[PDB]
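Everything on this sheet refers to the single structure shown next.
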Amino acid sequence: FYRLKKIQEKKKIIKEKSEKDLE
Amino acid sequence: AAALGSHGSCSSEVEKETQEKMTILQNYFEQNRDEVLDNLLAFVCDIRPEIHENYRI
Amino acid sequence: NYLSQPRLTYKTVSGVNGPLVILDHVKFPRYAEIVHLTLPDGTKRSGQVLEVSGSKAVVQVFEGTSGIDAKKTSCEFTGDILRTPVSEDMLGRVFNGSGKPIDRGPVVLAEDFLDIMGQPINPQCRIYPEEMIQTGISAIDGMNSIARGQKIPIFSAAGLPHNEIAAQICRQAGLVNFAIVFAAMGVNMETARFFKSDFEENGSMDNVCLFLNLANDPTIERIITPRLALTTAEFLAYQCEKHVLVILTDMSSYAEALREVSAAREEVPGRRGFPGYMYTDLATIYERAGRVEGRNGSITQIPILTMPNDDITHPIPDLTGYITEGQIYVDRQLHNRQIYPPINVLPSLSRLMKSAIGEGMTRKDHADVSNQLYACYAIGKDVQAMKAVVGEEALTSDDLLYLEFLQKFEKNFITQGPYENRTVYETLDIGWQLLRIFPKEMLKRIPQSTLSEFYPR
Amino acid sequence: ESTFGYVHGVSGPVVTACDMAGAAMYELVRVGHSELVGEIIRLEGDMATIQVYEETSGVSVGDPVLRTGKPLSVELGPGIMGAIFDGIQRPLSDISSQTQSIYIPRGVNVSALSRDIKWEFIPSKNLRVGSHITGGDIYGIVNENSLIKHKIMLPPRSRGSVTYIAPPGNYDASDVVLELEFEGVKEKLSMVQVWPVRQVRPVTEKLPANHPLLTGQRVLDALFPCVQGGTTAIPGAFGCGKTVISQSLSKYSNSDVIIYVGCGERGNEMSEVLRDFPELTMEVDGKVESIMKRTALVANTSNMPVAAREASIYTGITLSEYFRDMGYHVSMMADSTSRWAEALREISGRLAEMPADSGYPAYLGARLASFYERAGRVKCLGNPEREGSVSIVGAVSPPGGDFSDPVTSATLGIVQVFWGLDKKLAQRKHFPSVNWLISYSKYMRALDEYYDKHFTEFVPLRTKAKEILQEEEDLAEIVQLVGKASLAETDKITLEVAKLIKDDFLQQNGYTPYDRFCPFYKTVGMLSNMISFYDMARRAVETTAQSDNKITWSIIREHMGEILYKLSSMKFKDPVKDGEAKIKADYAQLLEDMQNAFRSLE
Amino acid sequence: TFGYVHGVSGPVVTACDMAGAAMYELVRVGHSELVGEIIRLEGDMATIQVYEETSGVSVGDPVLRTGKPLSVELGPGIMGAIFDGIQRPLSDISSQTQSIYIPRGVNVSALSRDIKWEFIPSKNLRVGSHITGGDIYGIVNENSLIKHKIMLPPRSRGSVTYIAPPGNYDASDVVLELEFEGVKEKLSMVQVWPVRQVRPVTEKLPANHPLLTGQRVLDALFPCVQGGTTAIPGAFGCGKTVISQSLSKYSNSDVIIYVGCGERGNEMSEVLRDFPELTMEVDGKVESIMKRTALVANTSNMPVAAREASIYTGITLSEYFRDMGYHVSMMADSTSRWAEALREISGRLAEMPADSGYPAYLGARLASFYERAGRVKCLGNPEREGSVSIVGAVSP
Amino acid sequence: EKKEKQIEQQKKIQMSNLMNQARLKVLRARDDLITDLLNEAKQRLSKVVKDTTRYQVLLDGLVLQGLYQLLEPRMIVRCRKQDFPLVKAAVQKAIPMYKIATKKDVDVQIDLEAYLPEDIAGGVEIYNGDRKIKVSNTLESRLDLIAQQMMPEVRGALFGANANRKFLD
């Protein structure tokens, strides 16, 4: 559970950064 | 009855001691009140405007 | 001297997430500073900045985050860490889990503003604790002696009378002036009344202080509840040279507040989901027990913890186990037989007992009497475990004597009234009258000189 | 560039900092206006992520972050032996003296060694102007303590030709004792050198380990021997005696110097060592002296900042390697290894590196491996030939007393000696609580070559001891289900002699005059008598069970009750008062008493 | 007032223009006004854990925030009602909708409007008089048993400016008006209270008078006390019904609140069939125990937060009858199924699991629940004692 | 005998309660005296603000002190109507001293649209140009902030030093 919550957090951060880089 | 008489006696004693303590408080207070009052009034008036220690440029 | 610079107040809440409020635009956030929060309805709250990054500050709120609002909430930054106002006048008083008074008295007029965290005591200055406290209870003063400046917890199964034992130590403990500090985390109302009433009945009010966080109070206050007690104990002991017994009730409810914060922050888990740092957090509490060089004072701790499902391998007892100078333990095997105080000696030990035991502190034999009582009681448990399978027909006569020793031992050594006070010397005379159950040559832990002087008495 | 960056953020021990472009990973940096010591652990651009070896409460964004270009390092030199240092190598005696307070102030700038004390320096007397000199060459002796001579040596990286060497005299840490020229460049040296803690001090060769590490304790000495230069762990639950073993090695062993490392340990423990060790005395050349003169303490107690535990371990081994290069048999007590793995866990949690097992970082196995592999016997660097060693003894402390814990699991993949401490023995107050089935020593083959030079009987006795205990543990799986009734007489002898060995050989009461330490001669003697009893008692039954006049285990117990009492009494012999000859003579009387009693049963 | 739905992922709805909203504020989302709570704020955006099924909610649907957090309406009409876990009255829902279903996004007020109960004002009050939280400003005779004390909310205080005369009035009619600091508050018989917040009291007292169940085994061997907290192992073969029915028919408890915290569909209907049919003797009359009780009821398929909140609604209701001077008994029938609904919230919130997958705070959620029991000196003028007992069934 | 024990226990509890009441009366009396010393400090400040000379010196300080805590490019200063003439001059003096010490320009505006309550003794509150962040330089706020931190000196001066406090660890 903990490992997978961290993976999902890293993906959320990478999604946000990828959107911010298009602005 | 002996317990009730002891309670009344102790009530008188702790009241007397309370009034003594309150008297000592009022005495020492009034003896120092003006000096402390002038100290707080000095430090609240001495502003010393300063930037925060981490400011840059 | 004092911080003269005026405080900033921010409305710049940029998020709220579980127990955390995330301020932004903050000018130079100070890590672990306190923030006073005012809610939309005018309710005052408090918090600590548990992370900082550039313009942001992640304040954890002590009273929880219900009713925090992202436009109206005002956060006043104090510019400094959490300080406890401390003074001698904190004796005879009751405070809540955040050090606010609840005895209907005034605010604490401070002699100083000590840091809630304290500071690490310098190992060079830490005087070794060796002067013996008698608690009055044979199962403690005999086989689990307590030094002035020791930390030693009571471990309990759920529902056991550990509160009555902790009360009895505060009722009857002393040397061969002991002020008291008491903290409780997540304590039920009836137990809060029990401790408060016990101190009032024993009359020892002018030299005790209480910090109470009840089971209905906010859980995050439990992080600072024992630290307030210790910060008061450090003032009384190290600045006023008093001796203090610090009681930490329900360290399990404390550890659950850490488990809650850990889970709510996504902190890296250790065993059972407690935070990976739980050992250090417990150490920052427990290690403030001790004597120190050139000061006559001493902080002694008796923490109390109920073990979840009575499991000794649970992180709460287990990490406490590593940090403290041995354990006092209480057990259903005694309590279910009405053996108050239900202190099982075998899982119990005191790491500082060996240094406290000896001449002038105690009778010279005391170390040896203890060593043999443990051996006889241990064999007694092992022969009981055998008998339950095979009956007396497969036990030896000597094994049946250790089974009889176990019965005589619990009924005389451990069994003791809630107001019955025993010195160590009477406890050792009882210990010898139990050890006399075997022939002299069987007492294989004791030297022949000690046997020759004391065995026939 | 700026010589300092600025704090960008804080989270427990971790501090991120801006304007840290041009910083090395593992560079030491000072954080906050108070100069909290820390070390760079990750780089993210112009930002550096720092691990701070002091409590970060009160650090502010925009506080200074001073670079140094140097990794975390130890000043090595005179003033170590008999001193005590915090986890970042600051001496606590000076901190008390300068501060007059019971607390370590955060951001203390004290030098790691006293620069004002004068030391007696004897130069090597073979060196001259123009002598060629290399790393690890001894350029003099300092009379630091009556027991320990500090063989000051050229830093291992340095090389050169002697240009100045100081005459005999009294000098301090600032006095240039040696000056070298090499390749048109000069180097000036005092009696102190700076070495990076994360860097292994090199050696001429890592030699085979073939000499026992003699200790205070019977079962450690005999049944699971450690070797000088060996790697050892003591996995054990709380209250099991991991600390009593660690001090037993420290107080009573054949090591020339001891480095004791209170990594994450309760504070009363470092105080216990500091109080007890100056009173306790060893003897050299018929002169009694305080064991503190051969001990060096690294303190970093359970309530000090977790990051300083990693710094404490690496400091303690760096010190240990220095004394090894002086040609000493060094011993290092690592008083807790899981407390270091917890520091690595918390930091890795702030870095958000994926956890491996129990939340520990995946590099824990490499951290422990690269720590334990700094142990060994070695041929030292530099001109005069020396042999020395570091023995490392890691007090692994698995949560819940379960040896499957990742710190234990990773440790036992590396170390060559396992003294597993069993909570069930500790509960029964059987100390040392070492479980003899679980425990192992891999150095036994390497030590049999030594035992044959002094005690040819020992390898037979050690073998027979394990046979007695193994047969008893296997018989116990029956006894637990059927009771003490169905056993043969040989099996009852095995059971009762294994209980004699448990109670009177494996147990040792380390808080008493007779069991405080147990010299190796008492160890072989006690074991020889108990195994002699076993062999004779076995032969008596096995010979007579073939006939009507059968001897029984009860007949042996009843007829030889005084012998069983005498065998049990053997522990109480006092090594200070009962001389070695007297103990051997008393044990020979027991041998003859047995032989006469068995001859009376025959 | 209105925000707009920004996005939806399963039962979680993100909203925007929510800048004035609060953590745990209760919000209606979608045109059908699905219930949910704010679990996070992120600027002008809020994340709402919706309780009800979110199927059909659209980006740009209205988000009407209720100013208060999750709360219980308190007043006359509580007696005899079958509330659900969020105080939607199932009787009003049935009567108004004429349907066997609960329709998604009910708006029915918890206390029925237009029922003009007989009200008597407190005879001691006058225009200008001082008043404080817990003061009785009148009584509503809703049932022959429960003279329902109407009393000032615990935060409110000041000088009385109007009281209604004796007459017929409902939950929405203004009964009291008072001024404090120059500001006037108008109050009705309805009161609203945050369900997770303890109602404050003059002193939480020790529990010392027996709560008789009328059963020899209980009252003799293992007594319980008014204000006390007790538990029962609830299972099929346990016989819990014998305790439960006997407590409601015979206990020396002036009000009973029963809470179905996620009972099975059929097992809930067995309970809701019995409690109307149960009768009690009072003053030599026979009357339905529904004159002295209220049922919170939730089947296992009710919204997760309706199950999780149902225990807290029961004790919020019970504290309100405690504050009237009544010796309240609360029965909770399935504390295991409540802890499952609690666990489901943590699983949707992705909070880290503790022991056996339950949340870290389970100990505190239970402990702060049972600590809401006890005898008390109530707030306000008549000095009255009152109490809440809690029976908490558990299913090992 | 059990009833006599209960009478004796009640006697002990009553004696404890009498001592508790006495201790609490003494504590309340100390805090009341300290409170009235702080009230006298508020009274003395209420006299000081009547002198436009000393009060302009305070306002020149307090405005600049606020500017140095907020550090923004745009700010708003709130005062009472009575303060306004002095505060406008204080802002006009402070902008130079601010720009000198911080190098950068600032646009500071006196808040003639939204004065402070007249019951405040004096001083100023400074806000960002968006009103989202503030700093309190009112004489009451600065007094309470200093007087609270000075509480140990105040206690030690008004009631004398506690003879038990032999160390400062």
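Chains here go by letter, A, B, C, D, E and F, matching the order in which they are written, and residues are numbered from 1 within each.
Criterion: a contact is a pair of C-beta atoms (placed from the backbone, for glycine too) under 8 Å apart; a residue touches a chain by one contact, two chains touch by 3 or more.
Among the remaining chains, those touching chain C and also chain E are A.
Closest to the middle of the protein, by Cα centroid, lies chain C. When you average the Cα atoms of each chain and compare centres, the chain farthest from chain A turns out to be B. Summarising the inter-chain contacts, the pair of chains with the most C-beta pairs in contact is C-D.
In whole angstrom, the spacing between the mean C-alpha positions of chain A and chain E is 41.
Mean C-alpha positions place chain A and chain F at a centre distance of 46 Å.
In this assembly, the C-alpha centroid of chain B lies 34 Å from the C-alpha centroid of chain C. Put simply, the C-alpha centre of chain B and that of chain F have 17 angstrom between them. Shown for chain D are the residues that touch two or more other chains, namely 60-62, 101-103, 355, 359.
Shared interface positions of chain C, i.e. residues touching 2 or more other chains, are given as 2, 4-5, 27-28, 238, 266, 268-269, 292, 295.
Counting partner chains per residue, chain B has residues 43, 47-48, 50, 52, 54-55 touching two or more of them. Applying the touch definition to all chain combinations yields A-C, A-D, A-E, B-C, B-D, B-F, C-D, C-E, C-F, D-F. Residues 350, 352-353 of chain E touch chain A in their complex. Across the interface of their complex, chain E is touched by residues 13-18, 40, 65-72, 186, 188-190, 193, 214-216, 219, 253, 256-257, 259-260, 262-264, 266, 269, 272-273, 308 of chain C. The residues of chain F lying in touch with chain C in their complex are 9, 12-13, 15-17, 19-20, 23-24, 27-28, 30-32, 34, 65-66, 69-71, 132-137, 141-142, 145-146, 149-152, 155-156, 162, 164-169. By the touch criterion given at the top, residues 2-12, 25, 27, 85, 87-89, 92, 103-107, 109-113, 197, 200-201, 203, 205-206, 234, 238-242, 292, 295 of chain C touch chain F in their complex.
The part of chain E that touches chain C in the complex is made up of residues 18-25, 40-44, 46, 69, 194, 196-198, 204, 206-207, 351-355, 359-361, 363-364, 367-368, 370-372, 374.
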